[PDB]
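Shown here is one chain on its own, the form deposited in one PDB entry, set out as structure tokens.
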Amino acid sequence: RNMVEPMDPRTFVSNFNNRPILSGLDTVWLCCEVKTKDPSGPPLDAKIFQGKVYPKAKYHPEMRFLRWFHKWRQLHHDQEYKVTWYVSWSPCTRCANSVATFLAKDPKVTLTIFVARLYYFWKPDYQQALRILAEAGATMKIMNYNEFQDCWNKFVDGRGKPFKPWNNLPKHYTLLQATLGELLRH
């Protein structure tokens, strides 16, 4: 969390709003944190990537993370690392495949993904994207209050001010988390 260029409060509030059916958000935001196996250890690095939802998947923020992280692994000690993502939309199939491929070649990396909104949760291809990541060993969880607050504290230019939840935040969470759980069943 220390020394990213933080995102501004308005960008966060707009892009991490967890209304389940939401139009006019063409942007994906990905905040990531790298740590060692140790939960008593500090963050080693942190990045914020933005990208568009449109199908030049090469520029989806998940793909930018993989490119960044690949280099980061080389330049650091070969050891087990815990990566956490907070992502405003869940990933597309292409990105899931690349992450899956990545996680297969790199078992010293374990990935936890927190998602504000499921992208196209009614469409089978984005449903499969979630299942692809699960099988590759990534956990996926819908963001609830604590994760939004964590993401606010770590990645947003909140200037000491506390996270303020928007209306129906936990209600949206209940719907989305049930839907994620359903999509990952069996």
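For clarity, a rigid core is taken as the largest C-alpha set superposing within 1.5 Å between two forms. Quick note: we count residues from 1 along the sequence shown, nothing fancier.
Quick note: we don't show the form deposited in another entry, though the next part is all about it.
Undergrad: Indicate whether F16 shows a C-alpha shift of 2 Å or more between this form and the one not shown, with the rigid core used for the fit.
TA: After core superposition, the displacement of the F16 C-alpha between this form and the one not shown reaches the 2 Å mark, so yes.
Undergrad: With both forms fit on the core, has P61 moved 2 Å or more by CA between this form and the one not shown?
TA: Comparing forms between this form and the one not shown, the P61 CA shifts below 2 Å.
Undergrad: With both forms fitted on the core, give yes or no for whether the Cα of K52 moves by 2 angstroms or more between this form and the one not shown.
TA: Shift at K52: 2 Å or more after core fit.
Undergrad: Closer or farther apart in the other form, the C-alpha atoms of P55 and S88, for a change of 3 Å or more?
TA: Compared with the shown chain, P55-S88 is closer in the other form.
Undergrad: Can you confirm the direction of the Cα distance change for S14 and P55 in the other form, closer or farther than in this form, given it is 3 Å or more?
TA: Closer together, by at least 3 Å.
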